[PDB]
């Protein structure tokens, strides 16, 4: 008839509560009356953990549900008070001479109401058929689906959350007040610096290449100074296709596209007389970076001046024996001919540099619209929203995935509110603008596939499993492995058979919703619409976790490093590509690069998005203990120590590198997409 009730309250700002709190214990034999927890004093302040003794009049049998009621204090003749939001971490029941029942919560009880919690043992739908529990899950998902709905944002995009402003979001999916203030103080300080130098207000060109170094009095990193030092070197231009901002396009080439008419003469130069184009295509030493998806893209206006975008192709040569990757030829158009010369490293200094810079402009547009926004933000939001809608709090797959959604709905809502709207940085300072970004996302959504999101298949598909110096691959594959091993352990704990995967109705609705709302029911994407085997579930969940953590970390962390020296990543171009050779100059080169205000507005935004503001939850670190069972908790431990070992490999590796690759070091990977 006695229970001890132990309650943990959150540490965040505002976590604690004035309000009175009572719990009803529901069991197989019946439900108890509400039981007070107010005890003596302000028991529910931030960071508190405190015990209460409740006596149950009637026995309840096996405990099934904990109902938590919250209500503001009540004054005689004056009514209640304003509700005081409470962040509850978890409850622990301890019956007479029995073990502990632990009820993970980790949510906000804003205002007055009641919250129903199952014990912490993860339960697939078929795992406990008690009707009281089936009702609770069913009611929870109905409530979630009303809370968190879909809207169509643009034609041909993935659908997104049906909310207009960050103000309208539930506490449970909002930035913490600490992370939010850290964010606005950074952005505020940075905008102030950049504005008071008049650089956000200079229309017109940079005065010289020297003047563009002024960006280093704004912000400095060693990676970014390296780009100033080495930007003109062919080996650094090429190395950034493997370890820079956008390391996902390079692919081995046995057959040159017919629209890229490279000749033997054009490459005898770099290749030596001991070989031939056809001989190197066959040897597997030639690689292609194809920016064709940009062809004919709508372009923007900046300070009333039309801007330009190319859609180029770059041939690259892997020299033997850990030698450098080297560019061989660049065509800046998808349609060859006399007005789209094929530029070579042997051309005049500024012809070749101008050609390389247009490719670097193309990486800017490709990376930010597709690799960053669509693949690392929109797809994680779909995964997140589907999870909220289809997987209930007690489901092992919710327990597993929820840390990897943190703040994702918040940050995408913010982008839709303040980033991709008129007057903001996209519209005022990029070459392709809002419309070009949407065009790119619409095109990509029509040829996107599962293999690009699964890193081992992506590496295999692109024929880049052996190319040396590819640290995005080296480190990403180790991480992929660690996540895959973690997910496979967790699946094996709770799903005994392929039949049990199919029989999971909630799991099947979750995949289906992702396929429909996120991938627009396109069977050409190859993304599963159902999951029939344990093996396929493991692969699919690994893809979600990897995409939400390491994938976004890999393509977000080098943004500022890559763009601080603007010729290394011009966000726009102001003259069309050259239509013949022998015309490029330094003066002409700076005249093609973007105006000062657009340069700085973009760097300011890339600096703020490169860095996690506020506090970090690095990959594998799970302070909200949704898993309360020994087995998953061992699996977490194994995942954490494997990441730490990968991190030691990365520092040892990086020790003897002039340009270390840090974007996939696990401590610096966030669990979710949050910036």
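Positions refer to the first chain, counted from 1.
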## Note on the structure
For 443 to 451 versus 78 to 86, entry-based mean Cα B-factors point to 78 to 86
### Query
Which has higher Cα B-factors on average according to the PDB entry: 498 to 506 or 92 to 100?
92 to 100
### Query
In this PDB entry, which of 294, 344, 418, 326 has the top CA B-factor?
418
## Note on the structure
Per the deposited B-factor column, the C-alpha that peaks among 265, 573, 242, 379 belongs to 265
### Task
Tell me, lowest, middle or highest third: where does the Cα B factor of residue 674 rank within its chain?
middle
#### Entry: Record-listed C-alpha B factor of residue 278: chain third
middle
### Query
How does residue 607 rank on Cα B-factor within its chain, lowest, middle or highest third?
lowest
### Task
Please rank the C-alpha B-factors of the chain's modelled residues and tell me whether residue 222 sits in the lowest, middle or highest third.
middle
### Task
Could you say whether, by C-alpha temperature factor, residue 172 belongs to the lowest, middle or highest third of its chain?
highest
